[PDB]
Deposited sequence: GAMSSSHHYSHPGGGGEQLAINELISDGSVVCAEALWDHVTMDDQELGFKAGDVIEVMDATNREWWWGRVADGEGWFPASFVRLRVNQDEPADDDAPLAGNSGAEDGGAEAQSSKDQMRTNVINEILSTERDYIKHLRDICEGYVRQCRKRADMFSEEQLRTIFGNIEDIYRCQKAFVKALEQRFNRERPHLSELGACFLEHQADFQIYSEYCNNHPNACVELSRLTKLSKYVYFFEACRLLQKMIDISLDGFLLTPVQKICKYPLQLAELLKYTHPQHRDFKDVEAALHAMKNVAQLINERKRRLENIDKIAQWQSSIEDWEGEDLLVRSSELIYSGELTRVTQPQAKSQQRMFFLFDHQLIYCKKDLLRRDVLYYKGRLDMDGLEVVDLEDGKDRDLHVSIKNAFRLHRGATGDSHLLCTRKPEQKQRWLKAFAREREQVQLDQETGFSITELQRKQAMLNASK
């Protein structure tokens, strides 16, 4: 509670800065940090505009700052902490309204005057229902500000305001459903010089925030997915006997509901793309396309496999999808290039937790180990990690992939 500091000065102090994911981050890169919406992330390095270094219990890697919201708060001063969150919600709305204004006044208006460059179909594809969202959001912020208690901010009652606008937040569903198509059209136009100049003229005449058009257009998707995080931190600093408590709780649930649908569709849509992109990035691919059988990455990480013909240790990067487990080898001195080495079909397979000792089935020296046993046939595959927490996370991951596969 109190008056805030800048992120890099905190990280320069040795201070701990926590944030939470508003979107899932899907990734197969071992230097990047994947997470799910709602996860807590410690931010270690914010030198970059976008690609920050963060930590989870586990590890650790690069992640996009825009997928994440910083916690506002890092005797009756729990009031001050409540006020800080109320103030963040309010200013966040004010900023967002300016974004929506810049889109609608600066982009849509000019595009619509140019029937020669933009069809009505194109306008719907690119901008979606953004003008309706701008209209509801203007009203919402007004209703929000009228509830703000200047005298004593901590007393402000924000929950019922969210409740009153539930149905209006439902229109975000259509926006986010259309967003993938907006992006596709934007990429296409991005490659056309006359459109690049047009959008450049728009920018310059409206004097807009230093953000690209596709950055502007992601703005409603960030906002809807961010609310549950704001409402949870507000509730956190609201006592059960506060007038606003029950409404914030009901509103948190209502806003969770809407953002969970949006985040999931985005997650599935991105999983499909990362997979296709990852695959085409791998060297010496053999054996089919991931997307024939798979739709998401369950887990990845380094694993030692031992050869069966017989019988040596290969440290390989392993990638568990629904239904299949791929392994790859990292290039001599290009740690970001991998070479396809093989895969296994998880459908025949089942996990065998192997406690320590001598080997068995061929040889000896093995530690944080386990076997993927068939059952139908009789094949078996020895695998192991460097440290114990790693084996447990793999055992968790294998248990997670069978449970997705059951009622996929």
query	finding
Deposited sequence positions missing from the model - stretches, numbered from 1, in order	1-14, 89-111, 446-466
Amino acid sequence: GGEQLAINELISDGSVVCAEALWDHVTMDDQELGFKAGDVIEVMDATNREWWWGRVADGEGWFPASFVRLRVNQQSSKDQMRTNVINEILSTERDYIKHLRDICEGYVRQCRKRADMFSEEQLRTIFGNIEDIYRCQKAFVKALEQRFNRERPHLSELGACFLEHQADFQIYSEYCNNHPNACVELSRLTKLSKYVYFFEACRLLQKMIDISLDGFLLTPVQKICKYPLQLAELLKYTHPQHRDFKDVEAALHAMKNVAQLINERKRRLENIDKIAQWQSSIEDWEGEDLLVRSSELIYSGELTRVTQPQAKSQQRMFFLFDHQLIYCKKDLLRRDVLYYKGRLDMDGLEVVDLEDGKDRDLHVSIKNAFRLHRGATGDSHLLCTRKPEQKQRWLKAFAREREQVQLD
From here on, numbers count along this sequence of modelled residues.
{"item": "Comparing 371-379 with 57-65, the one whose average Cα B-factor in the PDB entry is higher", "value": "57-65"}
{"item": "Of 44-52 and 360-368, the one with larger mean CA B-factor", "value": "360-368"}
{"item": "Entry-reported Cα temperature factor of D39, expressed as the chain third it lands in", "value": "lowest"}
{"item": "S295 by Cα B-factor - lowest, middle or highest third of the modelled chain", "value": "middle"}
{"item": "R268, C-alpha B-factor rank within chain (lowest, middle or highest third)", "value": "highest"}
{"item": "Within-chain third of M317 by Cα B-factor, per the entry", "value": "middle"}
{"item": "CA B-factor placement of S91, once the chain's modelled residues are sorted into thirds", "value": "lowest"}
